[PDB]
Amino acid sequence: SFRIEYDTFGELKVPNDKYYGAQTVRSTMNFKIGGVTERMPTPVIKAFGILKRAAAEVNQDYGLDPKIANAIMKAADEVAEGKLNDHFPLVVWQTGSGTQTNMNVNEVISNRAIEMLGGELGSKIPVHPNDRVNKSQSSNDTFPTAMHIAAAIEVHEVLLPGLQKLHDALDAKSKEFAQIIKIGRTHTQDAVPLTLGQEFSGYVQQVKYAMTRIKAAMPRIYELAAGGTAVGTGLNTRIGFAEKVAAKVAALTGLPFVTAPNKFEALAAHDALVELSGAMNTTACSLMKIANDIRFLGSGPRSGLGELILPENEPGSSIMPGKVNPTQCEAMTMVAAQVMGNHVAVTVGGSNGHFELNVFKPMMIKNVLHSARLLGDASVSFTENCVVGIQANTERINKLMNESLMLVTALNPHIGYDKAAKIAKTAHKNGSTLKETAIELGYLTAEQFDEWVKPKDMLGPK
């Protein structure tokens, strides 16, 4: 069931159905931290596939036999395509350079390329893990490159598409609610009117601005460290390798990757990941507000605010009509809190580089990808299972507009401030409406009230 390989510490059994080798087995023994939920994120593994395929193709310019390079490229493609995910058992909590995962990737690509070429597994023949798959590379500049490839692809494919769907659904709900006037709330106290459409347009702007902030963090993510080798000098690498690898990754991905102009900055720090996390942290603040507002605006049916009817996600009860838990609001605000915590973990790691190498890399990229996926996935779920189904409770909104004390200020140009306050004071004391009170005191008629108090004239400057 197993073959036998060796490292400098002793003999190791490797399962015959596995493409990794002795270094990866030793690593599962030396880094038993946290269990399977801690495995290196698949976007990192796939990004390594993209990177090893670009390096193999470029290394033909520097003496790599095309037959060996072609097998490496095909094997790297299978990694990048997600066909070999089961051959990566290592956790985030390894060396802070990600060396063990670089070797896991070199081992798997070598053994699969060996198999494609007819050799025997575990043999290093004819594709040596370090000499061929890791040719012209270091763990020090490859893991950072994989981080930025994975981050950019996840932003492009998961995070922004999720936010875009949320933006568009909130914008639709904003135009659908454009004529529904409700009582505003400041300090949670009753305030002057605005439309539900206006209130929702604020959410739309926040999501639009979140997308812009995330996009503004991407140019530094597109800088790749490949070619910095061990300490950033590019020692033991060939001239032009850095530019060529980056240009190859860009063509493979369709994204504007470039080589980092300063490889010392690219190896000794991950400030671009701190900044991207910062943009997700702002996004989480925006989404906390939007989701918590929608939560409260749907509270009720009778002892809450009751402006919105949220779609049911849980089984409703026949005995409990109108009760709807805001389920997606809760998942989303829990996600928002997680992103804020992830951002502090990214910050602590990003602040703790030493000399030529920051060695917090796996934890930093784990937290960035975790926030990116949570935000994108929750944005989709919140859209499809809550926002698109939101309805306005117009009867309750209309009833509360008539019962509000806030519109009393439309009477001042007609009967004077002092008589307006007496109406408001009296209605507040008696629990009556402004209209009932304004008439019961003989200050005006019902026809005068209905003509002077028009909330649709209280929604803008004059």
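From 1 onward, residues are counted along the sequence shown.
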| task | Select between 267 to 275 and 78 to 86 the stretch whose C-alpha atoms have the higher average B-factor in the entry. | result | 78 to 86
| Comparing 446 to 454 with 10 to 18, which stretch shows the greater average C-alpha B-factor in the deposited entry? | 446 to 454
| Of the choices 406, 51, 33, 40, which one's C-alpha carries the largest B-factor in the record? | 406
| remark: Chain thirds by Cα B factor, record data; residue 373 belongs to the lowest
| field | B-factor third for the C-alpha atom of residue 261 within its chain | value | middle
| field | Modelled-residue ranking by C-alpha temperature factor, third containing residue 316 | value | highest
| request: Divide the modelled residues of the chain into thirds by Cα B-factor and specify which third, lowest, middle or highest, holds residue 141. | output: lowest
| said: Ranking the modelled residues of this chain by C-alpha B-factor as given in the entry, is residue 287 in the lowest, middle or highest third? | reply: lowest
